[PDB]
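J.: Protein chains in written order, with the deposited numbering: chain A, 328 to 380; chain B, 63 to 115; chain C, 9 to 486; chain D, 116 to 327; chain E, 434 to 486. Every residue, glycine too, gets a C-beta built ideally from N, C-alpha and C.
(1) Determine whether the beta carbon atoms of residue 52 of chain C and residue 189 of chain D lie at a separation below 8 Å.
(2) Closer than 8 Å by C-beta to residue 260 of chain C: which residues in its own chain qualify, once you throw out the five before and the five after it? Chain order, please.
(3) Answer yes or no: do residue 100 of chain C and residue 80 of chain C have a C-beta to C-beta separation smaller than 8 Å?
(4) Under DSSP, the beta strand (DSSP E) around residue 260 of chain C begins and ends at which residues?
(5) Along the chain, where does the alpha helix (DSSP H) containing residue 402 of chain C start, and where does it finish?
(6) Have a look at the DSSP bridge pairing and note the partners of residue 83 of chain B.
(7) Which whole-angstrom value describes the C-beta separation of residue 206 of chain D and residue 361 of chain C, a residue pair presumed to lie in contact below a C-beta threshold of 8 Å?
(8) Do the region 26-38 of chain C and the region 448-466 of chain C touch if we need at least three Cβ pairs shorter than 8 Å?
(9) By the 8 Å beta-carbon criterion, what residues does the region 365-380 of chain A contribute toward chain E?
(10) Contact criterion: CB-CB distance below 8 Å. Does residue 200 of chain C meet it with respect to chain D?
(11) Kindly indicate which residue of C:392, C:411, C:415, C:417 has the alpha-carbon position closest to the one of residue 405 of chain C.
(12) Determine which residues share a DSSP beta bridge with residue 214 of chain D and list them.
(13) Going by DSSP in three states, residue 468 of chain E sits in which element: helix, strand or coil?
(14) Under a Cβ-count criterion, where at least 16 other Cβ atoms within 10 Å of its own Cβ denotes burial, should residue 444 of chain E be classed as buried or exposed?
(15) Taking the C-alpha atoms as reference points, what is the distance between residue 116 of chain C and residue 396 of chain C?
(16) Check whether chain A comes within 8 Å of residue 280 of chain D, counting only Cβ atoms and requiring the distance to be less than that.
(17) Can you tell which of D:324, D:275, D:285, D:222 has the C-alpha that lies nearest to the C-alpha of residue 119 of chain D?
(18) Contact criterion: CB-CB distance below 8 Å. Does residue 306 of chain C meet it with respect to chain E?
(19) Identify every residue that forms a DSSP beta bridge with residue 293 of chain C.
(20) Out of curiosity, what's the CA-to-CA distance linking residue 179 of chain C and residue 147 of chain D?
(21) Tell me where the alpha helix (DSSP H) around residue 237 of chain C begins and ends.
(22) Hey, is residue 231 of chain C's beta-carbon within less than 8 Å of any beta-carbon in chain B?
(23) Counting only C-beta atoms, is residue 239 of chain C closer than 8 Å to chain E at any point?
(24) Buried or exposed for residue 137 of chain C, going by 16 or more other Cβ atoms inside 10 Å?
(25) Please confirm if residue 104 of chain B has its CB atom under 8 Å from at least one CB of chain F.
(26) Between which residues of its own chain and residue 336 of chain C is the CB-CB distance below 7 Å, once the five residues before and five after are set aside?
(27) When the Cα atoms are used, what is the spatial distance from residue 284 of chain D to residue 196 of chain D?
(28) Which residues of chain C have a Cβ atom closer than 7 Å to the Cβ of residue 115 of chain B, listed in chain order?
(29) For chain A, is any of its Cβ atoms less than 8 Å away from the one on residue 284 of chain D?
(30) Count the C-beta pairs between the region 475-483 of chain C and the region 311-321 of chain D that are closer than 8 Å, then say yes if the count reaches three, no if not.
(31) Which residues in the same chain have their Cβ closer than 7 Å to the Cβ of residue 234 of chain C, if we skip the five residues on either side of it in sequence?
(32) Would you tell me roughly how many angstroms separate the C-alpha atoms of residue 166 of chain C and residue 194 of chain C, rounded to the nearest one?
(33) So does residue 79 of chain B have its beta carbon nearer than 7 Å to some heavy atom of the ligand ADP?
(34) Restricting to Cα atoms, I'd like to know which of C:399, C:54, C:483 is closest to residue 381 of chain C.
(35) Since residue 263 of chain D contacts residue 124 of chain D with CB under 8 Å, what's their CB separation in whole angstroms?
(36) Determine, for residue 480 of chain E, whether the minimum Cβ-Cβ distance to residues of chain A falls below 8 Å.
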């Protein structure tokens, strides 16, 4: 087994966007352009394994 | 789901055994004399992404 | 059973220097101080036309140089008289770049007239039951301090988060956050650096297009996808990179809007009125840069190149160089007023018309080593596999097969057939040296037989042992 | 050096901000004083050294840039003279004809040229008698972002944001200027006070005087 | 016949199967190249250097 625990808060991207209810409405209400935030989290794991006996 | 870097990211890595896997050449290896085991001798932890918190 | 092959032919890619010899022949080159007068908040165009009045040039933009070099045999020398072009062929290797910088101390900056805001939520200045309608503020910020430099010989591909196709999980719908789907594409000249919400398009993703400054809403922000590029075995898209980046949070702000999608609200107890309401869930960290020192810089110092990344040794493929710089440090913001007309001996703001400019300055100075590639058949095989165009430029020509057999119905001449039919390739190609706008740097007629009487020149001599007067000392003591 | 102007050009706060405002009204200058960024340098030469500054460049007629948008700022190089002002943290430029208000900044720099040393010309010189020794320690930071008073004359395409309502359908000043700061003085930041044995120089001249 | 194997998986994890991604290449992964730079000596290095600031 390998158990690897990573916490990383330093580069962990959070992104901002919104969906419009319509762009015809010239407001910016809570139910017009409805704001949002997401988080995109990237890791990658590479190994190299030496054989043993 | 919730994906934040303030949460523990635990990767459960499940591995076989070398015995259960490749043998290049058989020449000093007898299942009697010895049994084979993985040693992961290098790892890369990739984390290049844009910034956020 | 297993019982391993172990497995072949992979086939692995060998270094170019074990059939390439560097030689003591060197030429020098340079540029003449590249200077740009930009604008950073928005593009300043002529207000009756689409041509720029002042182009948009920020220090928070990747400035991407397509360097182009002539073939060294079509820019041949009379001093080669020990070399053969039938067994050998010539290639530049750029073995040194020094990047001149020296513009006034002055830091890049951005802002937005209608940055989407309600209240401050690093600490509460209000407690609201629900968030506003139509509330936005005049607030300025730069993204973050970025200094980087990369030198390649093909174009570098950067990442960003695109607008995705609708999924179950997240769809492009009101009440539902859009999916972020990864689009990799080559770094354009003037493409923006990150915001601190990362690399993404904001044109499409931000429907409201008033959350972030005008300049980055219009741009796509990229971060270089370094990872994909060193998993290139060849690594000809880059072979040099470094970066220095950092960011700060100077305060959380809360959007004036709120989510329309679900936030669980059975996971904490609900009182009356305001405490039976959700009102913020749309907090955002406002990005800012930080305190800049101007004694520490990547730039003003010579980068000795040779045995470069990939199985590229730093030899020019295509005789091309691709240089991507951000430098925010000396990227001046100018603040000035000129009056349209003055007829007033009292002040008014309506008389004196503010104007701002941006300065972007870079200089490139180069020492190049002439090198040769010793040619045989197996070596020929490796090169066509790498890039057949290189062999062709020189022209050793074809090489049959392919080959192939068509069977189709004939008279001849078709008439009956498919019929007829033509297949156009296309022809025309987009062309991958004009895949995207690039700051053409011409060094085809800026070469020099003069190799020491440069500042780079003097440092080159200091490198090969000492040489030259004065060094050091310096300065220095006590 | 504490310097300041009772009439420094300031509209609104923009660091964290606290209100909105459209285009400027009339008379927004304030009593504000400032400390200039940390700048220490020294240079030793034996022929006057070359500065750069952004001077007054091409006219209003050889471009299409208005009067009220200023004739272009073109880098005009010339020798540093005693009593010349230094780099201000807004770039090193003329401020006599480049501020028509001429009371945007502290009193000293409301007139005269500002220069920064033009190291590239002196050090690429194949004689290097303009200088042959320099050192410096410098830094700057943003104390606070503020906005100039003065009407936009710049071109903001307004169709790159989807319109508000009333006040947020209106367009603010975008005439941001950072104010520099060079605070925290320390006596381990001296480049002075210290002998620099010029047994050899760092130029292309080894420090051997000419003209004495 | 159950309950129940497995005792390893009785807790929530980012499940990572690694049993089939085993290779022998070291010049195609950048991780292979950095490994050789420590080890076989080999890489083949500079990399590049001298001087990059």
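T.: Judging by the given coordinates:
(1) no
(2) 128, 129, 130, 291, 292, 293, 294
(3) yes
(4) 256-262
(5) 396-402
(6) In the DSSP output, where bridge partners are listed per residue, residue 83 of chain B has none listed.
(7) Contact doesn't hold; Cβ gap of about 19 Å is too wide.
(8) yes
(9) 372, 373, 374, 375, 376
(10) no
(11) C:392
(12) C:345
(13) helix
(14) exposed
(15) 43 Å
(16) yes
(17) D:222
(18) yes
(19) C:260
(20) 51 Å
(21) 234-238
(22) yes
(23) yes
(24) exposed
(25) Absent from the structure is chain F; the protein chains it does hold are A, B, C, D and E.
(26) 67, 68, 115, 116, 153, 154, 155
(27) 50 Å
(28) 257, 293
(29) yes
(30) yes
(31) 249
(32) 6 Å
(33) Among the components modelled here there is no ligand, and therefore nothing to report on the ligand ADP.
(34) C:399
(35) 5 Å
(36) no
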